[PDB]
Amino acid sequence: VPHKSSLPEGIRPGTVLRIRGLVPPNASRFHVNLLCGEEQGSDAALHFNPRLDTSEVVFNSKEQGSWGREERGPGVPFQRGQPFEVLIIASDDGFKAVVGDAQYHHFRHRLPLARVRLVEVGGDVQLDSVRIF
């Protein structure tokens, strides 16, 4: 299910994205994108890409159709056949990624938080819910 949540007014420091779901057996990878528009090729303030097939999580941004330098977190905190809960929290200096009870990584802002207009979740994941507080 390619999930999309529209955020007309954008987000601000103090915004929390909570994503719950299940990593199916044989999943290769999935992603959570914070995009700056609803069209194809829109800039991505955040590309959060857990890769079960290569065992790592990649963070990146996309601007003018071109990717920035990837950041990687300490191992993959997801497992095939197991549910998970991810909190992506917007702060003044970056996005904190919390995976089930522990801070996993901090991704410093590359694009203005104010330009984020859409959240998309896709890939090999079976979503329970996506809530924005």
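One rule holds for the numbers: they count along the sequence shown, beginning at 1.
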item	value
Entry-level comparison of average CA B-factors, 122-130 and 2-10, reporting the higher stretch	2-10
Which of 66-74 and 94-102 has higher mean CA B factor, as the PDB entry lists it	94-102
Candidate residues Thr54, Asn26, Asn33, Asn60, the one whose C-alpha B factor the record puts highest	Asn26
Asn49 - Cα temperature factor, lowest/middle/highest third of chain	lowest
Ranked against its chain, the third holding the CA B-factor of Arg117	highest
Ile19 by Cα B-factor - lowest, middle or highest third of the modelled chain	lowest
